[PDB]
Amino acid sequence: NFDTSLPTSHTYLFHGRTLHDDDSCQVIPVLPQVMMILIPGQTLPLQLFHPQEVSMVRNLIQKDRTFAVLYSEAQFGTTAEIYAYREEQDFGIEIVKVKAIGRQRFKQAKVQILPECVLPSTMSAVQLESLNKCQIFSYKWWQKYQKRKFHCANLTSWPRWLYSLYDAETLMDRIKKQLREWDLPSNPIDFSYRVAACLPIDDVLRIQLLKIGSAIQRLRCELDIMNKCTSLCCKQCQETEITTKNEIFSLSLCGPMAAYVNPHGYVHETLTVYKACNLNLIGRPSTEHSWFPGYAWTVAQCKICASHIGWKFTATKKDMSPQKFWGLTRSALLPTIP
Amino acid sequence: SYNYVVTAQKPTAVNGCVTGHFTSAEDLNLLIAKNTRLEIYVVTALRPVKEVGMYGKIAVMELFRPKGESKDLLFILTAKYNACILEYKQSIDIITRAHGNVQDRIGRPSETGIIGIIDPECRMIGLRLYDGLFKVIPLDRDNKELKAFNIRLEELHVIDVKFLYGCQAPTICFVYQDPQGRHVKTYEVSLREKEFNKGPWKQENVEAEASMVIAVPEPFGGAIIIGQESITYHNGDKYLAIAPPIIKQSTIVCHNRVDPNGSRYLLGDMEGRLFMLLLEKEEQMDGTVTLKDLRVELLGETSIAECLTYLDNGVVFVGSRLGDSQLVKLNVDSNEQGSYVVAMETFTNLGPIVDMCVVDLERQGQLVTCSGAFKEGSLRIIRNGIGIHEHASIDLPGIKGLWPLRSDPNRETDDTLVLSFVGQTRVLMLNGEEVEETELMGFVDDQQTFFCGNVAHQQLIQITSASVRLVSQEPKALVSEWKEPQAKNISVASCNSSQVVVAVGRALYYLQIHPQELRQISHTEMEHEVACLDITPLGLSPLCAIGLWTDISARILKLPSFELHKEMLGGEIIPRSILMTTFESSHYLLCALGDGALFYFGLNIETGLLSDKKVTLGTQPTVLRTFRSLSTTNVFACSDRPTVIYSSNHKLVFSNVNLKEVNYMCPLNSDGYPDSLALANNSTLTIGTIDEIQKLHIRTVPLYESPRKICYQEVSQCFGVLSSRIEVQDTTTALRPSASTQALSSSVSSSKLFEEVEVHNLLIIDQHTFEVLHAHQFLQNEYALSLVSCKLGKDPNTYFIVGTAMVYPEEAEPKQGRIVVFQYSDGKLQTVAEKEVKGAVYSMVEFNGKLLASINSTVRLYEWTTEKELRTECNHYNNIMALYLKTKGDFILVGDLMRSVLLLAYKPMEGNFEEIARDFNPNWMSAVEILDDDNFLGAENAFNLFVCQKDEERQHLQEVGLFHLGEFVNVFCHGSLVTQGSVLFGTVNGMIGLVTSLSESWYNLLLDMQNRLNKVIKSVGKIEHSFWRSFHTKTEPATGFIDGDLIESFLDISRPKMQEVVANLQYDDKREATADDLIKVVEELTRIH
Amino acid sequence: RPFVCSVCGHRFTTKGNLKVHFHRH
Ligand SMILES: Nc1cccc2c1C(=O)N([C@H]1CCC(=O)NC1=O)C2=O
Ligand SMILES: [Zn+2]
Ligand SMILES: [Zn+2]
């Protein structure tokens, strides 16, 4: 195949340890002209040109090295921490390139950290003391798990199989099988945020999971989308099918979707799929600043409305795997239940 | 909103048990802990001593004896990390020697929960609270604050941990698990260095499911490892391992050491089996012995064990949570029979109340609960009243009267019971407990008797419908007889020690009782035929109480003038009984009508003026009678629902008697039945003692399967109970005959739509006999979820409707279900209509003639058509799982296990639902209810209750009530056992409680009352009541609730503490309140349950 | 074709043609 670790290292373009404790009030910079909904753990590359910004970062290195990313204007956002930085002055154009990663959700910005709401198991309240000793333990293993972990359901008014539908470990596995389908973290908090950034949804649905504070409600709601959103259409003209779930595959290590900068600093969360229909290709395949080294990109736009949906990527070697794939920018898509 | 909670039944399940020497170094105690309660017994060949209630959930209960101390001390740790060390003092108090909160700021609670262990030398107390930390409490005599230091545990996932016997320093031995499997490790705990030192030994590849560590005492040393298959012993480099076959069927979950040498242990199964693990020793070539092998013998079956303890005389206490606790005796395997077990005593445990319902059965409504699980599953009927311990029964129907009689004039004790009938009279004699009907020489046995008994001048009397007879004690014979001059019939009679006022129709006559004569005195007419009389002295009576048939009034007549004070009753129905008696200090009069009313007035036995109050007591006529209880006589009111009438704080109180209908009664102090009562009803005479107070009475109906839901159907006089039994794969093979298999008539679903296994049935259980009348078994892999009784549409029949869910193991979220409408007529249950549904019917409640069923995330509203079917007229979809359904009129309360609640309303002009409000505060929620149109009650995680109020963007609910209950609530239902409204709730621990709404005038009073009682009352572990009741998970102080168990303890503190509380109080009717103001107020609150 | 859009990579020949396409963003 191809090096699945190449796209996440942003080759085409630091021990991070500053966290703010929950519910605090912090004053954090917000970068001009950045528009995206950023998720804890999601990776964000940037390219800044105005000396305003270039000053903010050069001095931002001192202390926090963390800025705020925000829109419906904006009620919530997420702190992003710079983990890598180069100051390039090539062609006589001073550019500052940074790679930040989302850390904390919050409600210069006066900003209140939103706590990640962590709850014990459904059983930690009703668990028999005698059975405490048994709480630590190819799919019958899950029937065993269900029978032994949720044994004390018999003390309550609902069955084992209900408490199972709110069990982080179980839910993560149910999500995993779909994530396996087109080939991750162990902490439910992390898992729910990793697949949140993988899920190709629209700005209004992304704010929903961001508003969700609990891992359990995040994983559950995330399972709904994965069943209910089989098709993906052109956002502009609405009624035009571009690709399906079947075609989604994770070319990048992080997932089928990550954030990528073009040379002018615009961020594109592009989704890698094998097949894509009803697109026209314009211009000539080019490797200049390609986010997938080895492939050339050609601009693809919706057959009907001409609105730029993403790019078709083609191999440059005749021995490469996934010789042709489509990369679709998330802002251009609309999930549909056919 | 301001509500009021109070424990209606203390918890019954046992958290843990431990014996020792606590009350005195010479006694042997058994200490039992039931959630927020602690029992102290003294072992005999079990004597209660002291029950105390802590302000915490008892999580760690261990005894220990420090060096140079008289008796053992008790260490207690609540679930809120309240540590305390207690001592017994003899009237009886339990003091706190050292206390403190051992909670840490940072740290994640461990997955195996709290574990508290004490070293054998009582140097230190070791507590496992969080992953990676081990908190040590030096037991120094000067450590009254329980100061403690933490140690780094690089072993994060610990299963169990105990202290090892026989070591040069305190040493732990714990089983933990890392990616490399399971292991066992030992650590030397340094009191000085405050760190860990490498222990005497550790092991690798400890068995796969090791869960229990036992510490063998000094004879051998080392520890024992209990697993799913193997039992293994370690000691230094010694190793023994057996995998006996007699344990492979289920898991050992509780153990207890029998003898101090560690030779014999007791192992408790999860399915209730009782084993004894035995060590076997071997003589060594230089002194002490050496362990050689381990044996296990199945002693038998007990209740599903949770804690185990061995009392000295071969008697085991079986502390259970799913079933009743036990005292079981074990017989050593003897030539005669293999070691077997037999239970001596049984202790009531309401178990894990899964569901319940309130029912008016005897027409005070009693509570019937689904209790227990598996073979301990059962039904519990809980009635409230004064219970009567029966001592003898006699089959005589139609008793019209009852009188005690002393045939021996030299014997104070009674020995005769006279029974009247229609045109008949029977005289019974009492020699011990043998009753025999005989004749009384001088008494006539062919007339109805209206009165008889002992009168003055060493004589008897009998007032039949025809004559007033006077019989002599010595040589019993008639001496004088009063008969109506025109041969008219005596209609109403009344007599006492000296006076006799009979009454023929309108007229009535006044007689006096003298030696060998009955002298008439007064001949008087009346306006209207007389109906009741009383002539009780307060030895002679200077006044006579009468009631008139057509007047409908109670009168007071001076004797012998018969000159009227008076009051009027009103109505179209005549009085049936009237009585003048004395309560507390002041006098009274009581008159009861045919419709069941009961007027009572304050009487002046000098001025005859009666004053004042009336109350109804059933709808059948009431007959009043006086009996003696303690040194204050009470009034027994026979009727449809009998009731004891006493006075506490100069107010008449009516506590009902736990009996079916009673018609006539009389006290009876015989040789064989001393200080007893003779109760008479429509069929049987009963003799027995009577309790002094009103207590909770629990009838047990064993089901031997797990009952899960229950509803009542009055038109059929039976209950519908959802239950599930467990069956093996076989090749229909149950484990034990249960209620679903021992039904009178059994049916099977057989529908058109669509290793252990769960088999669900609908049990039809008689309300009177609690027979299993019918048991309809549902489909294979069908899980019954919701059950309701109701009438639908214009259909007059009452149907059992059940909501199910096809549970296949491969489908994570269920995708299909049923709504089955049953009808129980004759002796059979018929399937009337199915309704296939693409989801789980989690909840169903009747909705104004329609059926409101929840289906996964959908709330459906079905209609009941003339074709006898379910037609759908409405639907509503939600972003949550409609788990909870409660309604009232047109509001609908919907909620999921995530505490997120929705409030819907049926808009009738649109055939559609509108979302009125919404509140999402993610937490684990177990039960909800609707208090009124504005407030909603619920129980969320960490044993809490919350209330959400309604009062445009006011579609968001305000959190007005928060309260740490200490109990896991499973069900809310409306009703009481006879402040506004009443909501009962069941508990996993068996606790039963009550919530009632209050007015703001009273809430602030009882709030300031509580702030005063906390300054006074001495808590057990000195746990601040604010911290015990503080909302816990976040942590907030309580609001909107009043601890009724606190308000009710005002009557237990001494009288100085009472004034002390009411020092600067402004009461309502605004004056410096007094203790008696609050006693009569707090006592009024004890009568709502 | 040295005039490129700042979002996708579409190339044009005149500065005015690029202004036509960018107005669609
Ligand atoms: N060189 C330019 C110039 C203008 C705009 C873009 C690029 C460019 O390379 N990409 C994307 C194309 C798609 C890709 O793989 N990497 C990119 O940087 C642009 O949007
Ligand atoms: Zn289009
Ligand atoms: Zn463009």
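Note that the numbers count up from 1, one per residue, in the order the chain is shown.
Heads up, header says this was done by X-ray crystallography, 3.6 Å.
Cβ atoms are placed via backbone N, Cα and C, with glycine included.
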Of A:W297, A:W326, residue recorded by Swiss-Prot at the (S)-thalidomide site of A:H289, A:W291: A:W297
Candidate with sparsest Cβ neighbourhood (10 Å radius) among A:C234, A:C237, the listed binding-site residues: A:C237
Candidates near ligand 2 among the binding-site residues A:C234, A:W291, A:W297, judged by a Cβ under 6 angstroms: A:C234
Neighbouring C-beta atoms (10 Å sphere around the C-beta of A:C305 (Zn(2+) binding site)): 14
Additional residues surrounding Zn(2+), by Cβ distance to the A:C234, A:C237, A:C302, A:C305 centre under 8 Å: A:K235, A:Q236, A:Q238, A:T240, A:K303, A:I304, A:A306, A:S307, A:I309
Cβ under 6 Å from ligand 1: qualifying binding-site residues of A:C237, A:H289, A:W297: A:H289, A:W297
Cα proximity to A:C234 (Zn(2+) binding site), best match among binding-site residues A:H289, A:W291, A:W297: A:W297
Of the binding-site residues listed as A:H289, A:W291, A:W297, the one whose CA lies nearest the CA of A:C237 (Zn(2+) binding site): A:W297
Chain C contacts among the binding-site residues A:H289, A:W291, A:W297 (Cβ under 8 Å): A:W297
Straight-line distance in Å that links Cα of A:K107 with Cα of A:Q108 while 12 residues remain unmodelled: 14
Residues in the domain 'CULT' (A:229-337) grouped by DSSP into helix, strand and remaining coil: 6 helix, 55 strand, 48 coil
Cβ-Cβ neighbours of A:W297 ((S)-thalidomide binding site) (radius 10 Å): 24
